[PDB]
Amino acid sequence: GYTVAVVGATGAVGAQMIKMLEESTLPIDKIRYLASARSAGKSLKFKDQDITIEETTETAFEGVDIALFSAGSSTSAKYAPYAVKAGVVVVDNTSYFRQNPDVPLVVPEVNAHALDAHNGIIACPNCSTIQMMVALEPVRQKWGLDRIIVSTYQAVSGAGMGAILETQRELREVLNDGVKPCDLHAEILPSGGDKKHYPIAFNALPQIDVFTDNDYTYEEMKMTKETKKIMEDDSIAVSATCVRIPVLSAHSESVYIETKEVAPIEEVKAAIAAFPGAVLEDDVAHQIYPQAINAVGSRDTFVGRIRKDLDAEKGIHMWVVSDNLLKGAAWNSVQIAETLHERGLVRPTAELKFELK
């Protein structure tokens, strides 16, 4: 079997990586948990086995076959190249390597083939992008995609464990201490790395990540650029508005597309239902549609509210929901690893394409 390392084992994604690995078909001979200096020495379970968390260093990756990185952009930038040096194949959850042309950006149901040419690092895309790709790829295959416009409804777990706890504390101060939401103290959301912080309790914050020079946020531009790379078509026009809402887990998206040819709605529904990883949940007569709270804990991506635009001949609207820590991160990553195993791609790279920092 393999020696598998989880870098960032102690965080929100880390925890689900462990869970996904525990339930994986990957043959695992040894599991190693890595994090920062301050977690080193603590113990975390793998199944009933006790594992000792190690500090992430340049020399920690010897003997490792597969390393799943979810420790933040800076940690992958610094240590993933040394893992690749050590003969590791790295599946990276962060955004750091995603737009590097030597790095496949993969959703296994859509572009598993891109894995074949990897140079030791595979990037998992953004959570919001992944679930959109699972929903839209079956439509693109049959009728094409001219443009996408998406507005997201993102859970706070996407911003990390600290954001979850800040959200819960805020809500208790409102409901229990009677604090007005506009009077709440905030430290993390909307973005831990930005200058000002705002309450999320009973709010909707139209900012995920920091702002880019064009007045879209980095989250929104990731949806644009990652979509084009995943579906390998820069002509697909993609514009996003990314919004954080008071949901702990599972992202929801209002997705509008225009296809290249007119796609009968009953066929679109059938095509999505037939696509692996996508579940059709669409029966409005019985008020059936995807819901964040029902999606939590499932690897599937749920699609409903499917309907023609009222005016645009080729326009279609839908509602897409998935657990942002499973298909959106930890399951996509483990699924990439299982796919690498299945296709004989877990082996050291010949050449190094990535600088050692």
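Residue numbers here begin at 1 and follow the sequence given. Think of the rigid core as the biggest set of C-alphas that the two forms share within 1.5 Å after superposition.
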item: Higher-deviation segment by CA RMS in 8 other deposited structures of this protein, core fitted, 32 to 40 or 320 to 328; value: 32 to 40
item: Stretch exceeding the other in mean C-alpha B-factor - 94 to 102, 252 to 260; value: 94 to 102
item: Of 40 to 48 and 313 to 321, the one with larger mean CA B-factor; value: 40 to 48
item: C-alpha B-factor winner, where the candidates are 219, 177, 137, 282; value: 177
item: Options 88, 278, 271, 150 - largest CA temperature factor per the record; value: 88
item: Third of the chain, ranked by Cα B-factor, where residue 335 sits; value: lowest
item: Among modelled residues of the same chain, the CA temperature factor third for residue 289; value: lowest
item: Ranked C-alpha temperature factor of residue 32 among modelled chain residues, by third; value: highest
item: Within-chain third of residue 64 by Cα B-factor, per the entry; value: highest
item: Among modelled residues of the same chain, the CA temperature factor third for residue 72; value: highest
